[PDB]
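Single-structure report; data block below.
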Amino acid sequence: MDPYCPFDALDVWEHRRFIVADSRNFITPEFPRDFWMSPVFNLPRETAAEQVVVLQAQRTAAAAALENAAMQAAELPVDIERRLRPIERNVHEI
Amino acid sequence: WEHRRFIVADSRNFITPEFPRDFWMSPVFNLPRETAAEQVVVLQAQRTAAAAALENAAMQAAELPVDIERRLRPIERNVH
């Protein structure tokens with residue numbers, strides 16, 4: 001698991017003034033690596049398909065209530081013509 | 001002054017990972033042209049649209065008990 005590197009180590013001392021050819025070192029933490037713990041990404045069990053099932057069941061349940069309300073409100077036009085026509089005839093009797 | 005060791009950043013420095021035999025046969029790398037995750041987003045938005053349409057319809061239909069009173073009372077007092 002060691003990355004390949006031909007060269008071991010080299011040395012020409014670090015005078016703060018004489019910095020030339022500005023490269024950048026690999027910045028590392030001071031803590032032992034063992035707690036830089038492992039990669040884990042876990043799925044939500046509710047799947048893109050499962051939410052489809054749940055929301056479709058909800059849509060189909062709501063459609064029944066919408067149809068119930070429509071059929072409750074679809075009888076009012078029958079009520080108007082069932083209630084007012086006899087009243088119009090009674091007025092006509094005069 | 002300061003001291004440290006050094007490792008030369010040569011272009012020959014490569015890295016060799018290991019892949020599992022079933023690594024590339026994942027349900028995530030292999031995606032169809034149409035998934036259900038988008039269908040969830042559409043269906044939730046449609047349900048939320050219907051929710052507000054329900055309140056609009058309720059405020060529209062709240063006048064049904066109101067429209068009947070003022071069409072009958074001025075004729076009731078007319079007869080009486």
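Letters for chains follow the order of the structure tokens (A, B, ...), residue numbers begin at 1 for each chain, and ligand numbers begin at 1 in the order shown.
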Shell around segment 31-40 of chain B at 10 Å using only C-alpha atoms, local window under 4 positions removed, as a PyMOL selection string: (chain A and resi 47-56) or (chain B and resi 26-27+44-46)
Go through chain A residue by residue and, counting only C-alpha atoms, keep those with an atom at most 7 Å from chain B; for each kept residue give the shortest atom pair and its distance in Å to one decimal, ordered by chain and increasing number, as a tab-separated table.
residue	atom	partner	partner_atom	distance
A:3	CA	B:15	CA	5.1
A:4	CA	B:13	CA	5.7
A:5	CA	B:13	CA	5.2
A:7	CA	B:8	CA	6.5
A:8	CA	B:7	CA	6.4
A:9	CA	B:6	CA	5.1
A:10	CA	B:6	CA	5.5
A:11	CA	B:5	CA	6.8
A:13	CA	B:3	CA	6.6
A:14	CA	B:2	CA	5.6
A:15	CA	B:1	CA	5.3
A:16	CA	B:1	CA	6.2
A:48	CA	B:37	CA	4.4
A:49	CA	B:36	CA	5.3
A:51	CA	B:40	CA	6.3
A:52	CA	B:40	CA	5.5
Any chance you can output those residues with N, CA, C and O atoms as an mmCIF file, in the first residue's frame?
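Result saved to again11.cif:
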data_model
loop_
_atom_site.group_PDB
_atom_site.id
_atom_site.type_symbol
_atom_site.label_atom_id
_atom_site.label_comp_id
_atom_site.auth_asym_id
_atom_site.auth_seq_id
_atom_site.Cartn_x
_atom_site.Cartn_y
_atom_site.Cartn_z
ATOM 1 N N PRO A 3 2.903 4.070 -1.790
ATOM 2 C CA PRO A 3 3.066 4.656 -3.128
ATOM 3 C C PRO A 3 4.518 4.575 -3.575
ATOM 4 O O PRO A 3 5.439 4.703 -2.766
ATOM 5 N N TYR A 4 4.715 4.364 -4.872
ATOM 6 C CA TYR A 4 6.060 4.213 -5.407
ATOM 7 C C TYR A 4 6.764 5.563 -5.459
ATOM 8 O O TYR A 4 6.190 6.560 -5.907
ATOM 9 N N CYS A 5 8.016 5.593 -4.995
ATOM 10 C CA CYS A 5 8.823 6.800 -5.022
ATOM 11 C C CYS A 5 10.286 6.399 -5.184
ATOM 12 O O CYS A 5 10.853 5.751 -4.284
ATOM 13 N N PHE A 7 13.058 8.137 -5.020
ATOM 14 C CA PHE A 7 14.046 8.851 -4.218
ATOM 15 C C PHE A 7 13.697 8.781 -2.737
ATOM 16 O O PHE A 7 12.519 8.825 -2.366
ATOM 17 N N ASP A 8 14.727 8.684 -1.895
ATOM 18 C CA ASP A 8 14.528 8.497 -0.463
ATOM 19 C C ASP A 8 14.431 9.822 0.290
ATOM 20 O O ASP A 8 13.394 10.111 0.896
ATOM 21 N N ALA A 9 15.487 10.636 0.250
ATOM 22 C CA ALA A 9 15.520 11.904 0.976
ATOM 23 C C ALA A 9 16.748 12.694 0.532
ATOM 24 O O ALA A 9 17.763 12.122 0.123
ATOM 25 N N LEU A 10 16.647 14.024 0.633
ATOM 26 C CA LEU A 10 17.689 14.953 0.203
ATOM 27 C C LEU A 10 17.731 16.159 1.135
ATOM 28 O O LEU A 10 16.833 16.369 1.956
ATOM 29 N N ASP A 11 18.792 16.965 1.004
ATOM 30 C CA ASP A 11 19.220 17.875 2.064
ATOM 31 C C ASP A 11 20.108 19.016 1.553
ATOM 32 O O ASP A 11 21.285 18.785 1.259
ATOM 33 N N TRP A 13 20.206 22.998 3.396
ATOM 34 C CA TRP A 13 19.479 23.542 4.554
ATOM 35 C C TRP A 13 18.614 24.762 4.274
ATOM 36 O O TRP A 13 18.754 25.436 3.247
ATOM 37 N N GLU A 14 17.736 25.047 5.236
ATOM 38 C CA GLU A 14 16.576 25.916 5.083
ATOM 39 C C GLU A 14 16.890 27.293 5.650
ATOM 40 O O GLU A 14 16.434 27.632 6.747
ATOM 41 N N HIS A 15 17.654 28.090 4.912
ATOM 42 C CA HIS A 15 17.814 29.482 5.299
ATOM 43 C C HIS A 15 16.581 30.267 4.871
ATOM 44 O O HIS A 15 16.191 30.252 3.700
ATOM 45 N N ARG A 16 15.957 30.945 5.839
ATOM 46 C CA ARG A 16 14.679 31.601 5.580
ATOM 47 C C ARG A 16 14.795 32.684 4.516
ATOM 48 O O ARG A 16 13.821 32.958 3.806
ATOM 49 N N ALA A 48 -35.684 5.876 -4.026
ATOM 50 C CA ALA A 48 -36.372 6.667 -5.036
ATOM 51 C C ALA A 48 -37.631 5.966 -5.527
ATOM 52 O O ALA A 48 -38.626 6.626 -5.847
ATOM 53 N N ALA A 49 -37.608 4.632 -5.591
ATOM 54 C CA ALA A 49 -38.805 3.879 -5.949
ATOM 55 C C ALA A 49 -39.807 3.818 -4.800
ATOM 56 O O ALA A 49 -41.019 3.892 -5.036
ATOM 57 N N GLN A 51 -40.375 5.981 -2.271
ATOM 58 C CA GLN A 51 -41.105 7.237 -2.147
ATOM 59 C C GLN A 51 -42.148 7.378 -3.247
ATOM 60 O O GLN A 51 -43.225 7.936 -3.007
ATOM 61 N N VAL A 52 -41.854 6.869 -4.448
ATOM 62 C CA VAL A 52 -42.859 6.837 -5.506
ATOM 63 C C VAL A 52 -44.073 6.031 -5.064
ATOM 64 O O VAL A 52 -45.215 6.469 -5.233
#
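Between atom CA of residue 75 of chain B and atom CA of residue 90 of chain A lies a distance of 14.1 Å.
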Let's see if you can do this: from backbone DSSP, list all alpha helix (DSSP H) residues in segment 9-86 of chain A, as JSON, numbers by chain. {"A": [48, 49, 50, 51, 52, 53, 54, 55, 56, 57, 58, 59, 60, 61, 62, 63, 64, 65, 66, 67, 68, 69, 70, 71, 72, 73, 76, 77, 78, 79, 80, 81, 82, 83, 84, 85, 86]}
Using C-alpha atoms, can you export the residues from the last selection as a short mmCIF file (atom, residue, chain, number, x, y, z; two decimals), in the first residue's frame?
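Saved file selection.cif follows:
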data_model
loop_
_atom_site.label_atom_id
_atom_site.label_comp_id
_atom_site.auth_asym_id
_atom_site.auth_seq_id
_atom_site.Cartn_x
_atom_site.Cartn_y
_atom_site.Cartn_z
CA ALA A 48 -36.37 6.67 -5.04
CA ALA A 49 -38.81 3.88 -5.95
CA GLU A 50 -40.23 3.54 -2.42
CA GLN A 51 -41.10 7.24 -2.15
CA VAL A 52 -42.86 6.84 -5.51
CA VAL A 53 -44.96 4.02 -4.04
CA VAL A 54 -45.82 5.96 -0.87
CA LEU A 55 -46.70 9.21 -2.65
CA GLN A 56 -48.70 7.35 -5.33
CA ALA A 57 -50.70 5.62 -2.59
CA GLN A 58 -51.33 9.05 -1.07
CA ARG A 59 -52.37 10.47 -4.46
CA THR A 60 -54.81 7.60 -5.05
CA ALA A 61 -56.22 8.05 -1.53
CA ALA A 62 -56.70 11.79 -2.12
CA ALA A 63 -58.40 11.17 -5.48
CA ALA A 64 -61.15 9.16 -3.76
CA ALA A 65 -61.86 12.05 -1.38
CA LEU A 66 -61.85 14.50 -4.31
CA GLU A 67 -64.40 12.33 -6.12
CA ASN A 68 -66.49 12.06 -2.94
CA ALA A 69 -66.55 15.85 -2.64
CA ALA A 70 -67.37 16.24 -6.34
CA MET A 71 -70.27 13.79 -6.11
CA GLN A 72 -71.49 15.60 -2.99
CA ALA A 73 -71.36 18.91 -4.88
CA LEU A 76 -76.73 20.76 -5.93
CA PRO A 77 -77.76 21.62 -9.55
CA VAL A 78 -80.35 18.85 -9.26
CA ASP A 79 -81.51 20.33 -5.93
CA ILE A 80 -82.03 23.78 -7.43
CA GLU A 81 -84.23 22.49 -10.26
CA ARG A 82 -86.04 20.08 -7.91
CA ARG A 83 -86.87 22.74 -5.30
CA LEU A 84 -87.53 25.88 -7.37
CA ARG A 85 -89.74 24.44 -10.15
CA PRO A 86 -92.60 23.55 -7.74
#
